[PDB]
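A single chain comes next, written as structure tokens; it is the form deposited in one PDB entry.
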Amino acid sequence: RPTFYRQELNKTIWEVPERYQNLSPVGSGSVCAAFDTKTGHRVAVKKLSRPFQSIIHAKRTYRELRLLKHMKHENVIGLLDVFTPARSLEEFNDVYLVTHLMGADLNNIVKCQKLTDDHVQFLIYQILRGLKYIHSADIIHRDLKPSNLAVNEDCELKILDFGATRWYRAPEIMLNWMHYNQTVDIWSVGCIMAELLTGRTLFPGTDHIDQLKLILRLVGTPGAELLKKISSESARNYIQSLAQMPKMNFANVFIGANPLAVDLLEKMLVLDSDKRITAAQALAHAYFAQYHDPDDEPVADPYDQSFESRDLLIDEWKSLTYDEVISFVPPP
């Protein structure tokens, strides 16, 4: 068992193996940057805030540990290490997750570097490639936005989740559908792509309803085919009510852009989630020809998420989490 050291940073106390040197903060769980002296790389250290405070928190802790432990893909955040100062289940009350410190997010990049069409292909290609994998394990990200996209000096990308979100949220979510499928993440990708091509936020609404309004003027009022899947009378009227803005046409919002780019965007920003293009199909799209390769776009191992439909006590969630820490095996 490694020897630990203690440190207080922005009134928050950190307890790490001596291996992790030079803790400097970078967010508030809270997160630090450190030097992993084992490999000479800078890493990010997440220390969970109040991990087992309530049944909900405790499940959320177990979840996040399970997710990270599973993600083994180049375009998705992976676990380098998880540790705890605790010598035993009984002492156990802090959890720390370690990952590769990626340089900067997609927001930081766009601000002082002005993307080429070639940049957009490679970047969107990587999100998509990460998603095919994600989605293959029956996981839905749900909060894709440029702050959740890490990009290194070589403009190579990882998807993660730092726990405005709304500009990229699928509309079915802003109307509260409960069902949700995987192509909510495809809507988010089209909001991200849009902005990369235009340099402006596609749906900058002052509130969720103003955004629904701008969503509907561009993509169009729901077609009979779609309204047919909406069980609720009050839902069916309200969507017609928000589609009263003068109709705006797609291809005139994206005028200087590669014609294949606009085509792909028309296939992701489809109102009916059932007719929206999936990550797997998107990768084969002719906009990604310089990059697509089907022998190098894997899917994930089976991910046992039976825990998600479970209600257990705090101490059970905690004991489960503690097993996942002990059993962790790092990558070589």
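Note that residue numbering follows the sequence shown and begins at 1. Under this definition, the rigid core comprises the largest set of C-alpha atoms superposing within 1.5 Å between the forms.
Keep in mind that the form deposited with a small molecule bound is missing from the display, and what follows is about it.
Heavy atoms of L197 reach within 4.5 Å of the small molecule in the entry with it bound, making it an interface residue.
Within 4.5 Å of some heavy atom of the small molecule in the entry with it bound lies at least one heavy atom of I255. Considering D118, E225, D138, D207, one residue stands apart with a C-alpha shift of at least 2 Å between the shown form and the other one following superposition on the core, and it is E225. Once the rigid core is used as the reference frame, the Cα position of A243 differs between the shown form and the other one by 2 Å or more. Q7: CA moves 2 Å or more between the shown form and the other one after rigid-core fitting.
The gap between the Cα atoms of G199 and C112 is smaller in the entry with it bound, by no less than 3 Å, than in this form. If you compare C-alpha positions, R276 and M245 are 3 angstroms or more closer together in the entry with it bound than in the form on display.
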